[PDB]
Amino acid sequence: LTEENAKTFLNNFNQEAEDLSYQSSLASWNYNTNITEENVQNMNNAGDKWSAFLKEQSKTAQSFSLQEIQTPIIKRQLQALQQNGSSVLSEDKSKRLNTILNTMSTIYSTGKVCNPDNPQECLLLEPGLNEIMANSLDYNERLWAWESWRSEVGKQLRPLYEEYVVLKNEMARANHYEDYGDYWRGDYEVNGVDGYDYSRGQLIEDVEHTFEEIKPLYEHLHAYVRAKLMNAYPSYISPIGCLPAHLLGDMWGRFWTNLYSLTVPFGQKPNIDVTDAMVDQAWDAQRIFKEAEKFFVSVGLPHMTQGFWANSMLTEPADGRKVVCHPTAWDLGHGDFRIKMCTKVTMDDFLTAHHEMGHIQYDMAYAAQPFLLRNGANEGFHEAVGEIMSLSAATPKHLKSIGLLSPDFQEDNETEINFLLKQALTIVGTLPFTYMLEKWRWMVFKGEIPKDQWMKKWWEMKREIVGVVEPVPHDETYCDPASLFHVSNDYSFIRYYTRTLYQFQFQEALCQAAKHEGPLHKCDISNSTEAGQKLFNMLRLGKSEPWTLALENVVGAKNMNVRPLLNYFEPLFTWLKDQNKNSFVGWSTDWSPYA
């Protein structure tokens, strides 16, 4: 047999890869917490040694006949190493493809736009442009920031993304794939147990099919927000047309969160933003994570390791260093668990601490799996596991029992519409934006959109799917898709759609095991060692069993379900249909604020 020969081969890999992956993981931590041109090489060269090892073992495992295995753990370990990778490309075309990715990543970060009214002021995306798009109420000011980003840093991405498509198509096509779009869909693919298989093209059918039970809820949120936006920007929005792209709360409209200041149902009520209470009680970054640690032990899960408390960067470096302030949950291996986050004393960073520490718990559980199987069930499992933590951490029942909200806070039938509306602006508002984006790149990779009309079909899909219209016409020199991070930095985006449906399937199943009794949005699984063990069972699973099985162990389904998400917002959904009886639900894909 080739069994024991592959058995006593993955073992040589599990011991030689864990050491190299740590040299590479510890290098990424040392750069992100101490930015130095010396650390750029250490973060690269220590990763390049890891980048050459994974190719040698990918090729060596390809010698082993995959079918000639009879134990399932080894079957699943080999296929993860059987991938040909990206070294199927030419020697020089690999270097140019690897160089355009830097030039896109740099012009996305170094991208500065300057004010025509004040040329001395030039702003970055963060904190310059994002602050205008998230807080300004001037139609012309928000239009400037929206267009300057897509015409100055967006047009630089146009020649690069054209070659970025043609080069990574040549990478995927040689690996027995149709295009780069088919390359990403292989994440949800399962070729194994009877009744648990899942095709790459089955993913496209599923995101579309489940999107239909979302259109009723999204169309009414669109009609409610548009009526509220006609007050903030009068004479600019048609009561039947789409929403202009720059009025949606951020640079791209990915989330409608910042529109809450304009769309609150009952703003006369006391706000649930508990940021002030943390500041007058002398809370620091220690108190946030230490309190978040207490949250996980209350359900039987382990404390954070002392190596976490000593090796994590829970504050902006302060008094020496440069840092990537993006919150990240880092699993270096060998039991080294760290979190890198420039925490501020706020409620938003308090809830993210539960999200990021949620990742670590998922990381800590599957540490018993072999090295190749230490990963989420699919690309969307990790992000859904962290959200269910912040869903329980945001409930008023949790905030008072922690001491932040006042014990006599009135939980009216209106304070919950105020809460679910803000949840809808963040959770459901991003669903049509996510699908339209990944569907566009799926078709562009597919070749269905010619490069001489990339931008014409992108906005034809924005109006139809998302209900968002461009404020100024864009020809083909623009590259608004690549104007987002995940697009110009080579990142899959459908994961945010799948994780969103998962986080409510988990929340429904976990609160049932936690025996919650009221509406689902009021559920807090604190003190639930019963539901904690139900979640633990899938956290340990890792990448061993198919994602269809790991999902079935908790929710009881072989595929994603939209029923949990709609039940969460059911109090808000019926309230919107009352508001929109004299409003127009839906939009015309033909109105534009210029014409």
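The numbering used is simple: start at 1 and walk along the sequence shown.
Colleague: Could you check the entry and say whether 499-507 or 72-80 has the higher mean CA B-factor?
Modeller: If you average the C-alpha B-factors of 499-507 and of 72-80, the larger mean comes out for 72-80.
Colleague: So which stretch wins on mean C-alpha B-factor, 289-297 or 84-92?
Modeller: Comparing averages over the C-alpha atoms only gives 84-92.
Colleague: Tell me which of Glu470, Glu178, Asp138, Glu356 tops the list for C-alpha B factor in the record.
Modeller: Of the options given, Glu178 has the highest CA B-factor in the PDB entry.
Colleague: Using only the C-alpha B-factors in the record, can you name which of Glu219, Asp284, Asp363, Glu438 has the highest?
Modeller: If I rank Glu219, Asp284, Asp363, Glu438 by C-alpha B-factor, first place goes to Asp284.
Colleague: Taking only the Cα B-factors deposited for this chain, tell me whether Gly333 sits in the lowest, middle or highest third.
Modeller: Within its chain, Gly333 is a lowest-third residue by C-alpha B-factor, going by the deposited values.
Colleague: Taking the entry's C-alpha B-factors for this chain, is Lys322 in the lowest, middle or highest third?
Modeller: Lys322: CA B-factor falls in the middle third of its chain.
Colleague: Would you mind checking where the Cα B-factor of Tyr491 ranks among the modelled residues of its chain, as the lowest, middle or highest third?
Modeller: Lowest third.
Colleague: Lowest, middle or highest third: where is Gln410 by C-alpha B factor in its chain?
Modeller: For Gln410, the deposited C-alpha B-factor lands in the highest third.
Colleague: Lowest, middle or highest third: where is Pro370 by Cα B-factor in its chain?
Modeller: Ranked within chain, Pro370 CA B lands in the middle tercile.
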